[PDB]
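> My structure is in upload.cif, and what it holds is mmCIF, N, CA and C atoms:
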data_start
#
loop_
_atom_site.label_atom_id
_atom_site.label_comp_id
_atom_site.auth_asym_id
_atom_site.auth_seq_id
_atom_site.Cartn_x
_atom_site.Cartn_y
_atom_site.Cartn_z
N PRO F 499 -43.56 10.24 19.13
CA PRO F 499 -44.01 10.63 17.78
C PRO F 499 -45.15 11.64 17.77
N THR F 500 -45.74 11.97 18.92
CA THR F 500 -46.80 12.97 18.97
C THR F 500 -46.28 14.40 18.82
N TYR F 501 -44.98 14.58 18.62
CA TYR F 501 -44.39 15.90 18.47
C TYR F 501 -44.10 16.16 16.99
N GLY F 502 -43.52 17.33 16.70
CA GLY F 502 -43.15 17.68 15.35
C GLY F 502 -41.73 17.26 15.02
N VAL F 503 -41.35 17.52 13.76
CA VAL F 503 -40.03 17.14 13.28
C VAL F 503 -38.93 18.06 13.80
N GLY F 504 -39.30 19.17 14.43
CA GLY F 504 -38.33 20.13 14.93
C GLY F 504 -37.37 19.59 15.97
N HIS F 505 -37.91 18.96 17.01
CA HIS F 505 -37.12 18.47 18.14
C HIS F 505 -37.14 16.95 18.23
N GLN F 506 -37.00 16.27 17.09
CA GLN F 506 -36.88 14.83 17.09
C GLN F 506 -35.41 14.42 17.05
N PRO F 507 -35.05 13.29 17.65
CA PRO F 507 -33.64 12.87 17.65
C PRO F 507 -33.16 12.50 16.26
N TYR F 508 -32.01 13.05 15.89
CA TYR F 508 -31.33 12.76 14.63
C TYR F 508 -30.03 12.04 15.00
N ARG F 509 -29.96 10.76 14.66
CA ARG F 509 -28.77 9.97 14.97
C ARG F 509 -27.55 10.57 14.29
N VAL F 510 -26.55 10.95 15.09
CA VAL F 510 -25.42 11.73 14.63
C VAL F 510 -24.15 10.88 14.70
N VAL F 511 -23.42 10.84 13.59
CA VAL F 511 -22.17 10.10 13.49
C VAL F 511 -21.11 11.06 12.97
N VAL F 512 -20.06 11.28 13.76
CA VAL F 512 -18.96 12.17 13.41
C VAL F 512 -17.77 11.33 12.98
N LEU F 513 -17.18 11.68 11.84
CA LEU F 513 -16.03 10.98 11.28
C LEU F 513 -14.77 11.76 11.65
N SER F 514 -13.80 11.07 12.23
CA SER F 514 -12.51 11.66 12.58
C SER F 514 -11.42 10.84 11.90
N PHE F 515 -10.72 11.46 10.95
CA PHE F 515 -9.63 10.80 10.21
C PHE F 515 -8.45 11.76 10.16
N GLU F 516 -7.56 11.65 11.14
CA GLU F 516 -6.36 12.47 11.20
C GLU F 516 -5.19 11.73 10.57
N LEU F 517 -4.40 12.45 9.78
CA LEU F 517 -3.26 11.89 9.08
C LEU F 517 -1.99 12.05 9.91
N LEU F 518 -1.25 10.96 10.08
CA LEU F 518 -0.02 10.98 10.85
C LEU F 518 1.13 10.41 10.02
N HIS F 519 2.28 10.19 10.66
CA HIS F 519 3.44 9.63 9.98
C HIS F 519 3.32 8.14 9.70
N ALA F 520 2.22 7.51 10.11
CA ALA F 520 2.02 6.09 9.85
C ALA F 520 1.63 5.86 8.39
N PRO F 521 2.01 4.72 7.81
CA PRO F 521 1.63 4.45 6.42
C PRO F 521 0.13 4.32 6.26
N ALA F 522 -0.39 4.92 5.19
CA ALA F 522 -1.82 4.87 4.93
C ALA F 522 -2.23 3.47 4.50
N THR F 523 -3.37 3.01 5.03
CA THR F 523 -3.89 1.69 4.73
C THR F 523 -5.31 1.70 4.18
N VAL F 524 -6.07 2.76 4.41
CA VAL F 524 -7.43 2.89 3.90
C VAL F 524 -7.49 4.13 3.02
N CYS F 525 -7.88 3.94 1.77
CA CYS F 525 -7.96 5.02 0.79
C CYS F 525 -9.37 5.11 0.22
N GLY F 526 -9.52 5.96 -0.79
CA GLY F 526 -10.79 6.16 -1.45
C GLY F 526 -10.98 5.23 -2.63
N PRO F 527 -12.15 5.30 -3.26
CA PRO F 527 -12.43 4.41 -4.40
C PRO F 527 -11.49 4.68 -5.57
N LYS F 528 -11.25 3.63 -6.36
CA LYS F 528 -10.34 3.67 -7.50
C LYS F 528 -11.13 3.26 -8.74
N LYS F 529 -11.50 4.24 -9.56
CA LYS F 529 -12.25 3.96 -10.78
C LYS F 529 -11.36 3.28 -11.82
N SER F 530 -12.00 2.57 -12.75
CA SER F 530 -11.28 1.84 -13.78
C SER F 530 -12.09 1.85 -15.06
N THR F 531 -11.38 1.74 -16.19
CA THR F 531 -11.99 1.74 -17.51
C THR F 531 -11.58 0.47 -18.26
N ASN F 532 -12.25 0.24 -19.38
CA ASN F 532 -11.96 -0.93 -20.20
C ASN F 532 -10.67 -0.73 -20.98
N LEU F 533 -9.98 -1.84 -21.24
CA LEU F 533 -8.70 -1.81 -21.94
C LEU F 533 -8.92 -2.03 -23.44
N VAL F 534 -8.20 -1.28 -24.26
CA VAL F 534 -8.21 -1.45 -25.71
C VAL F 534 -6.76 -1.29 -26.17
N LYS F 535 -6.19 -2.36 -26.71
CA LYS F 535 -4.78 -2.41 -27.07
C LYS F 535 -4.61 -2.15 -28.57
N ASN F 536 -3.38 -2.35 -29.05
CA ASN F 536 -3.00 -2.14 -30.45
C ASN F 536 -3.21 -0.69 -30.88
N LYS F 537 -3.01 0.24 -29.96
CA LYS F 537 -3.10 1.67 -30.25
C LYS F 537 -2.45 2.43 -29.11
N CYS F 538 -1.90 3.60 -29.43
CA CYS F 538 -1.18 4.41 -28.45
C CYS F 538 -2.18 5.05 -27.50
N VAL F 539 -2.18 4.59 -26.25
CA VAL F 539 -3.11 5.05 -25.24
C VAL F 539 -2.32 5.60 -24.06
N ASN F 540 -2.91 6.56 -23.36
CA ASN F 540 -2.34 7.08 -22.12
C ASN F 540 -2.66 6.12 -20.99
N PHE F 541 -1.67 5.33 -20.57
CA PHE F 541 -1.85 4.43 -19.45
C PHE F 541 -1.57 5.16 -18.14
N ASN F 542 -2.40 4.89 -17.14
CA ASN F 542 -2.40 5.58 -15.85
C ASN F 542 -2.47 4.56 -14.72
N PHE F 543 -1.61 3.55 -14.78
CA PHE F 543 -1.61 2.47 -13.80
C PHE F 543 -1.22 3.00 -12.42
N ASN F 544 -1.16 2.07 -11.45
CA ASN F 544 -0.93 2.41 -10.05
C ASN F 544 0.23 3.39 -9.85
N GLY F 545 1.40 3.05 -10.39
CA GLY F 545 2.56 3.90 -10.21
C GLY F 545 3.31 4.16 -11.50
N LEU F 546 2.77 3.68 -12.61
CA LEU F 546 3.39 3.84 -13.93
C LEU F 546 2.44 4.63 -14.82
N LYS F 547 2.70 5.92 -14.96
CA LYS F 547 1.95 6.77 -15.88
C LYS F 547 2.75 6.98 -17.16
N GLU B 156 -3.47 -23.18 24.71
CA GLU B 156 -2.03 -23.32 24.50
C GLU B 156 -1.41 -22.00 24.04
N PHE B 157 -2.06 -20.89 24.39
CA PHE B 157 -1.57 -19.56 24.03
C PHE B 157 -0.75 -19.02 25.20
N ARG B 158 0.43 -19.62 25.38
CA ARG B 158 1.33 -19.26 26.46
C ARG B 158 2.28 -18.13 26.08
N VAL B 159 1.91 -17.31 25.10
CA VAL B 159 2.79 -16.22 24.67
C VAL B 159 2.62 -15.00 25.57
N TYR B 160 1.38 -14.70 25.96
CA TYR B 160 1.09 -13.52 26.77
C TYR B 160 0.02 -13.86 27.79
N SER B 161 -0.43 -12.84 28.52
CA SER B 161 -1.48 -13.00 29.52
C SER B 161 -2.57 -11.94 29.44
N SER B 162 -2.38 -10.86 28.69
CA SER B 162 -3.37 -9.81 28.56
C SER B 162 -3.49 -9.40 27.10
N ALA B 163 -4.67 -8.97 26.67
CA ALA B 163 -4.86 -8.53 25.29
C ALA B 163 -5.40 -7.11 25.28
N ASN B 164 -4.69 -6.20 24.63
CA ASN B 164 -5.11 -4.81 24.65
C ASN B 164 -5.77 -4.37 23.37
N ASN B 165 -5.71 -3.08 23.08
CA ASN B 165 -6.34 -2.54 21.88
C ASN B 165 -5.47 -2.82 20.67
N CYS B 166 -5.90 -3.71 19.79
CA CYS B 166 -4.97 -4.04 18.72
C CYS B 166 -5.31 -3.24 17.47
N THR B 167 -4.28 -2.89 16.70
CA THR B 167 -4.45 -2.06 15.52
C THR B 167 -4.40 -2.83 14.21
N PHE B 168 -3.97 -4.10 14.23
CA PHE B 168 -3.88 -4.86 12.99
C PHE B 168 -3.93 -6.35 13.31
N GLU B 169 -4.64 -7.10 12.47
CA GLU B 169 -4.79 -8.53 12.65
C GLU B 169 -4.97 -9.17 11.28
N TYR B 170 -4.24 -10.25 11.02
CA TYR B 170 -4.28 -10.91 9.73
C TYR B 170 -4.25 -12.42 9.92
N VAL B 171 -5.02 -13.15 9.13
CA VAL B 171 -4.97 -14.60 9.24
C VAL B 171 -4.82 -15.26 7.90
N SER B 172 -3.80 -14.88 7.14
CA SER B 172 -3.57 -15.49 5.84
C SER B 172 -3.49 -16.99 5.98
N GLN B 173 -4.55 -17.68 5.59
CA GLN B 173 -4.58 -19.13 5.71
C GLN B 173 -3.35 -19.82 5.12
N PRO B 174 -2.99 -19.52 3.86
CA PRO B 174 -1.77 -20.16 3.40
C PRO B 174 -0.63 -19.71 4.29
N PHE B 175 -0.05 -20.64 5.04
CA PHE B 175 1.00 -20.26 5.97
C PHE B 175 2.40 -20.53 5.46
N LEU B 176 3.41 -20.16 6.24
CA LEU B 176 4.80 -20.32 5.84
C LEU B 176 5.24 -21.78 5.83
N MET B 177 4.87 -22.52 4.79
CA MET B 177 5.28 -23.91 4.65
C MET B 177 5.64 -24.24 3.21
N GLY B 182 11.10 -38.93 2.40
CA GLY B 182 10.75 -38.79 3.80
C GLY B 182 11.94 -38.52 4.69
N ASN B 183 13.08 -39.13 4.35
CA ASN B 183 14.29 -38.93 5.14
C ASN B 183 14.89 -37.54 4.96
N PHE B 184 14.54 -36.84 3.89
CA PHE B 184 15.07 -35.51 3.65
C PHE B 184 14.35 -34.49 4.52
N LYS B 185 15.07 -33.43 4.89
CA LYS B 185 14.53 -32.35 5.70
C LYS B 185 14.39 -31.10 4.85
N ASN B 186 13.83 -30.06 5.46
CA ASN B 186 13.57 -28.80 4.78
C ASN B 186 14.34 -27.66 5.44
N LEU B 187 14.64 -26.64 4.65
CA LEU B 187 15.28 -25.41 5.11
C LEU B 187 14.35 -24.26 4.79
N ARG B 188 13.98 -23.50 5.81
CA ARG B 188 13.10 -22.34 5.67
C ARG B 188 13.91 -21.09 6.00
N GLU B 189 14.14 -20.26 4.98
CA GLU B 189 14.83 -19.00 5.15
C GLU B 189 13.82 -17.86 5.14
N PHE B 190 14.01 -16.90 6.04
CA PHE B 190 13.14 -15.74 6.12
C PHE B 190 14.00 -14.49 6.29
N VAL B 191 13.53 -13.39 5.72
CA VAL B 191 14.18 -12.09 5.85
C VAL B 191 13.14 -11.11 6.38
N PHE B 192 13.39 -10.58 7.57
CA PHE B 192 12.49 -9.63 8.22
C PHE B 192 13.14 -8.25 8.21
N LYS B 193 12.40 -7.24 7.75
CA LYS B 193 12.90 -5.88 7.77
C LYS B 193 11.73 -4.92 7.95
N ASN B 194 12.05 -3.67 8.29
CA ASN B 194 11.04 -2.62 8.43
C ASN B 194 11.63 -1.33 7.87
N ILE B 195 11.00 -0.81 6.82
CA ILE B 195 11.46 0.41 6.16
C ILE B 195 10.25 1.29 5.86
N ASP B 196 10.45 2.60 6.04
CA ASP B 196 9.43 3.63 5.84
C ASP B 196 8.07 3.21 6.38
N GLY B 197 8.05 2.55 7.52
CA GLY B 197 6.81 2.09 8.14
C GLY B 197 6.38 0.69 7.78
N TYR B 198 6.54 0.31 6.51
CA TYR B 198 6.13 -1.02 6.07
C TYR B 198 7.10 -2.08 6.58
N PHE B 199 6.53 -3.17 7.08
CA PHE B 199 7.28 -4.31 7.59
C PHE B 199 7.25 -5.42 6.54
N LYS B 200 8.40 -5.71 5.95
CA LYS B 200 8.52 -6.67 4.87
C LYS B 200 9.08 -7.99 5.37
N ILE B 201 8.50 -9.08 4.87
CA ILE B 201 8.89 -10.44 5.22
C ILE B 201 9.03 -11.24 3.93
N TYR B 202 10.24 -11.75 3.69
CA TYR B 202 10.52 -12.60 2.55
C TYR B 202 10.74 -14.03 3.03
N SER B 203 10.29 -15.00 2.25
CA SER B 203 10.36 -16.40 2.65
C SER B 203 10.87 -17.26 1.50
N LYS B 204 11.48 -18.39 1.86
CA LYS B 204 11.98 -19.33 0.86
C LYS B 204 12.08 -20.71 1.51
N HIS B 205 11.39 -21.69 0.94
CA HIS B 205 11.42 -23.06 1.43
C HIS B 205 12.15 -23.95 0.43
N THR B 206 13.06 -24.79 0.92
CA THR B 206 13.84 -25.63 0.01
C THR B 206 14.22 -26.95 0.67
N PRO B 207 14.00 -28.09 0.01
CA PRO B 207 14.48 -29.36 0.56
C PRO B 207 16.00 -29.41 0.58
N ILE B 208 16.54 -30.00 1.65
CA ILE B 208 17.98 -30.04 1.87
C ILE B 208 18.34 -31.41 2.43
N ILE B 209 19.41 -32.00 1.90
CA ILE B 209 19.88 -33.30 2.37
C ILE B 209 20.85 -33.09 3.53
N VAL B 210 20.86 -34.02 4.47
CA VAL B 210 21.73 -33.91 5.64
C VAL B 210 23.18 -34.12 5.22
N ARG B 211 24.06 -33.23 5.67
CA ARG B 211 25.48 -33.39 5.38
C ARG B 211 26.14 -34.03 6.59
N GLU B 212 26.93 -33.26 7.31
CA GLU B 212 27.61 -33.78 8.50
C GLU B 212 27.77 -32.75 9.62
N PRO B 213 28.29 -31.54 9.30
CA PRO B 213 28.39 -30.61 10.42
C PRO B 213 27.17 -29.70 10.52
N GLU B 214 26.03 -30.13 9.98
CA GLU B 214 24.79 -29.35 10.07
C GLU B 214 24.96 -27.85 9.93
N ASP B 215 25.37 -27.39 8.75
CA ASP B 215 25.52 -25.96 8.52
C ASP B 215 24.67 -25.54 7.35
N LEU B 216 24.60 -24.24 7.08
CA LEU B 216 23.86 -23.78 5.91
C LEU B 216 24.51 -24.33 4.64
N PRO B 217 23.72 -24.88 3.72
CA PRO B 217 24.29 -25.42 2.48
C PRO B 217 24.88 -24.33 1.60
N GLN B 218 25.80 -24.74 0.74
CA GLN B 218 26.45 -23.83 -0.19
C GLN B 218 25.65 -23.77 -1.48
N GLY B 219 25.13 -22.59 -1.79
CA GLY B 219 24.32 -22.40 -2.98
C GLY B 219 23.52 -21.12 -2.90
N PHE B 220 23.10 -20.65 -4.07
CA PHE B 220 22.35 -19.41 -4.19
C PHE B 220 20.87 -19.74 -4.32
N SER B 221 20.06 -19.18 -3.42
CA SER B 221 18.61 -19.39 -3.44
C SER B 221 17.95 -18.09 -3.00
N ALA B 222 17.41 -17.35 -3.97
CA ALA B 222 16.78 -16.07 -3.66
C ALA B 222 15.48 -16.28 -2.89
N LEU B 223 15.17 -15.32 -2.03
CA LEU B 223 13.96 -15.37 -1.21
C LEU B 223 12.87 -14.53 -1.88
N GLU B 224 11.70 -15.13 -2.07
CA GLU B 224 10.61 -14.45 -2.74
C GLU B 224 9.87 -13.53 -1.76
N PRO B 225 9.45 -12.34 -2.20
CA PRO B 225 8.67 -11.46 -1.33
C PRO B 225 7.34 -12.10 -0.96
N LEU B 226 7.06 -12.17 0.34
CA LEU B 226 5.87 -12.83 0.84
C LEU B 226 4.86 -11.85 1.44
N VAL B 227 5.26 -11.07 2.44
CA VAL B 227 4.33 -10.20 3.15
C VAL B 227 4.88 -8.78 3.18
N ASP B 228 3.99 -7.80 3.06
CA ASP B 228 4.32 -6.38 3.10
C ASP B 228 3.41 -5.67 4.10
N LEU B 229 3.34 -6.21 5.31
CA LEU B 229 2.43 -5.70 6.33
C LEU B 229 2.75 -4.24 6.65
N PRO B 230 1.79 -3.32 6.49
CA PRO B 230 1.99 -1.94 6.93
C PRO B 230 1.74 -1.80 8.42
N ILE B 231 2.81 -1.60 9.18
CA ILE B 231 2.71 -1.54 10.64
C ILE B 231 3.06 -0.13 11.11
N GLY B 232 4.28 0.31 10.82
CA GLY B 232 4.70 1.64 11.21
C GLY B 232 5.05 1.79 12.67
N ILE B 233 5.75 0.82 13.25
CA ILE B 233 6.15 0.87 14.65
C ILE B 233 7.66 0.74 14.73
N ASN B 234 8.15 0.93 15.95
CA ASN B 234 9.55 0.87 16.20
C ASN B 234 9.85 -0.52 16.65
N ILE B 235 10.76 -1.18 15.96
CA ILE B 235 11.15 -2.54 16.31
C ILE B 235 12.67 -2.57 16.46
N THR B 236 13.14 -2.77 17.69
CA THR B 236 14.56 -2.87 17.97
C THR B 236 14.95 -4.18 18.62
N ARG B 237 13.99 -5.03 18.97
CA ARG B 237 14.26 -6.31 19.61
C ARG B 237 13.29 -7.34 19.06
N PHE B 238 13.73 -8.60 19.05
CA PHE B 238 12.89 -9.68 18.56
C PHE B 238 13.27 -10.96 19.28
N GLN B 239 12.40 -11.96 19.16
CA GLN B 239 12.58 -13.25 19.82
C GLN B 239 12.05 -14.33 18.89
N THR B 240 12.03 -15.57 19.38
CA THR B 240 11.60 -16.72 18.60
C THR B 240 10.60 -17.54 19.42
N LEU B 241 9.55 -18.00 18.75
CA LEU B 241 8.49 -18.80 19.38
C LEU B 241 8.56 -20.22 18.81
N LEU B 242 9.20 -21.12 19.54
CA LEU B 242 9.29 -22.52 19.17
C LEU B 242 8.32 -23.35 20.00
N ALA B 243 7.95 -24.51 19.46
CA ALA B 243 7.01 -25.41 20.11
C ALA B 243 7.73 -26.66 20.58
N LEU B 244 7.35 -27.15 21.76
CA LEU B 244 7.96 -28.35 22.33
C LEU B 244 7.47 -29.60 21.61
#
As structure tokens, how would this structure be written, given the file I've shared?

Amino acid sequence: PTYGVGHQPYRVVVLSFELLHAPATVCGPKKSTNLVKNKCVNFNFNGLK
Amino acid sequence: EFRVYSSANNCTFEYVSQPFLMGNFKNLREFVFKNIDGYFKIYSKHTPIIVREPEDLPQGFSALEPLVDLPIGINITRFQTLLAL
């Protein structure tokens, strides 16, 4: 710690995510909103838009 | 009592679904195993069955409910059975 911030160790983590022919199992976040019925709404469910 | 193998390598998937595939009457457990577009599907159906005489599959319609949809994505051309003594 007697040195400056220039040459201090920065813990480095590299992410490698290559896509192949295997089925995907880990995805990104899925946002959601509150439901209000008895009116014509654009539904955007998992596979039924 | 893990007499199935002798070495354990780098595994890519592991699941321990606690609910598992489960007086004079016996039970019949039907399963359907398939693998399509990478996903490995397993359907199960449990039904009590009374003993007849030539011990064959009973006559009747009983659909199998979808149970597991494990995403594996491997080539499966051979299979075996693990029974307990």
> DSSP on the backbone: which residues in segment 157-244 of chain B end up as strand (DSSP E)? Give the answer as a PyMOL selection string.
chain B and resi 185-195+198-208+224-230
> Could the residues of chain F that have an atom at most 7 Å from chain B be listed as JSON lines, each with its closest atom pair and the distance in Å to one decimal, counting all atoms listed in the file and ordered by chain and ascending residue number?

{"residue": "F:519", "atom": "C", "partner": "B:232", "partner_atom": "CA", "distance": 6.8}
{"residue": "F:520", "atom": "CA", "partner": "B:232", "partner_atom": "CA", "distance": 5.4}
{"residue": "F:521", "atom": "N", "partner": "B:232", "partner_atom": "CA", "distance": 5.3}
> Given the point (14.9, -4.6, 11.0) in the coordinates of this file, which residues lie within 9 Å, counting only C-alpha atoms, and how would they look as a list in words?
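Residues with an atom close enough to that point: residues 192, 193, 194, 195, 199, 235, 236 and 237 of chain B.
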> Provide the atom CA of residue 201 of chain B to atom C of residue 185 of chain B distance in Å, to one decimal place.
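Computing the Euclidean distance for atom CA of residue 201 of chain B and atom C of residue 185 of chain B yields 21.4 Å.
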> Figure out the distance between atom CA of residue 228 of chain B and atom CA of residue 513 of chain F, please, to one decimal in Å.
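These two atoms are separated by 28.0 Å.
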> Could you jot down the atom CA of residue 522 of chain F to atom CA of residue 544 of chain F separation for me, Å, one decimal place?
15.2 Å
> Could you list the residues chosen by the PyMOL selection byres ((chain B and resi 223) around 6.5) in this structure as a PDB file with N, CA and C atoms, keeping the file's coordinate frame?

ATOM      1  N   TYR B 202      10.240 -11.750   3.690  1.00  0.00           N
ATOM      2  CA  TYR B 202      10.520 -12.600   2.550  1.00  0.00           C
ATOM      3  C   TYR B 202      10.740 -14.030   3.030  1.00  0.00           C
ATOM      4  N   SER B 203      10.290 -15.000   2.250  1.00  0.00           N
ATOM      5  CA  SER B 203      10.360 -16.400   2.650  1.00  0.00           C
ATOM      6  C   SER B 203      10.870 -17.260   1.500  1.00  0.00           C
ATOM      7  N   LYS B 204      11.480 -18.390   1.860  1.00  0.00           N
ATOM      8  CA  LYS B 204      11.980 -19.330   0.860  1.00  0.00           C
ATOM      9  C   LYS B 204      12.080 -20.710   1.510  1.00  0.00           C
ATOM     10  N   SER B 221      20.060 -19.180  -3.420  1.00  0.00           N
ATOM     11  CA  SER B 221      18.610 -19.390  -3.440  1.00  0.00           C
ATOM     12  C   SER B 221      17.950 -18.090  -3.000  1.00  0.00           C
ATOM     13  N   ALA B 222      17.410 -17.350  -3.970  1.00  0.00           N
ATOM     14  CA  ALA B 222      16.780 -16.070  -3.660  1.00  0.00           C
ATOM     15  C   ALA B 222      15.480 -16.280  -2.890  1.00  0.00           C
ATOM     16  N   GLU B 224      11.700 -15.130  -2.070  1.00  0.00           N
ATOM     17  CA  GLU B 224      10.610 -14.450  -2.740  1.00  0.00           C
ATOM     18  C   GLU B 224       9.870 -13.530  -1.760  1.00  0.00           C
ATOM     19  N   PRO B 225       9.450 -12.340  -2.200  1.00  0.00           N
ATOM     20  CA  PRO B 225       8.670 -11.460  -1.330  1.00  0.00           C
ATOM     21  C   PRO B 225       7.340 -12.100  -0.960  1.00  0.00           C
TER      22      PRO B 225
END
> I'd like the neighbourhood of residue 210 of chain B as a count of residues only, where a residue qualifies if any of its atoms comes within 12 Å (using only C-alpha atoms), though same-chain residues fewer than 4 positions away should be ignored.
9
> Would you save chain F from the block above with C-alpha atoms, as a compact mmCIF listing (two decimals), in the first residue's frame?

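Below you can see part_19.txt, which holds the result:
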# COMPACT_ATOMS: atom_id res chain seq x y z
CA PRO F 499 0.00 0.00 0.00
CA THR F 500 2.98 2.40 0.12
CA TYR F 501 2.67 2.79 -3.67
CA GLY F 502 0.21 4.70 -5.85
CA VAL F 503 -2.98 3.57 -7.55
CA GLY F 504 -1.18 3.27 -10.89
CA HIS F 505 0.41 -0.17 -10.44
CA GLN F 506 -1.91 -1.77 -7.89
CA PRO F 507 -3.46 -5.20 -8.58
CA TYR F 508 -6.96 -5.06 -10.07
CA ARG F 509 -8.73 -8.40 -9.69
CA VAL F 510 -9.72 -9.34 -13.24
CA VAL F 511 -12.59 -11.66 -14.19
CA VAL F 512 -13.18 -12.48 -17.87
CA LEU F 513 -16.59 -13.83 -18.96
CA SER F 514 -16.66 -16.37 -21.80
CA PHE F 515 -20.12 -17.35 -23.09
CA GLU F 516 -20.00 -19.02 -26.51
CA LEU F 517 -23.24 -20.14 -28.16
CA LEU F 518 -23.39 -23.64 -29.63
CA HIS F 519 -26.00 -26.09 -30.94
CA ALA F 520 -26.85 -27.09 -27.35
CA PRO F 521 -30.17 -25.89 -25.90
CA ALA F 522 -29.88 -22.67 -23.92
CA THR F 523 -30.38 -23.03 -20.17
CA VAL F 524 -29.20 -19.69 -18.71
CA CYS F 525 -30.82 -16.48 -19.97
CA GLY F 526 -31.13 -12.85 -18.95
CA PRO F 527 -33.59 -11.18 -16.58
CA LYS F 528 -37.30 -11.21 -17.44
CA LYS F 529 -39.18 -8.06 -16.42
CA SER F 530 -42.86 -8.21 -15.51
CA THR F 531 -45.74 -5.79 -14.98
CA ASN F 532 -48.99 -5.82 -13.03
CA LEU F 533 -52.09 -7.40 -14.56
CA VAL F 534 -55.31 -5.46 -15.19
CA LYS F 535 -58.18 -7.40 -16.77
CA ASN F 536 -61.63 -6.52 -18.18
CA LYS F 537 -60.02 -4.46 -20.95
CA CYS F 538 -58.28 -5.12 -24.26
CA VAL F 539 -54.57 -5.30 -23.43
CA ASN F 540 -51.52 -6.36 -25.43
CA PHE F 541 -50.46 -9.60 -23.75
CA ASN F 542 -46.80 -10.58 -24.22
CA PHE F 543 -46.54 -13.92 -22.41
CA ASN F 544 -43.69 -16.42 -22.80
CA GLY F 545 -44.68 -17.70 -26.23
CA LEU F 546 -48.15 -16.23 -26.77
CA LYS F 547 -48.13 -12.63 -28.01
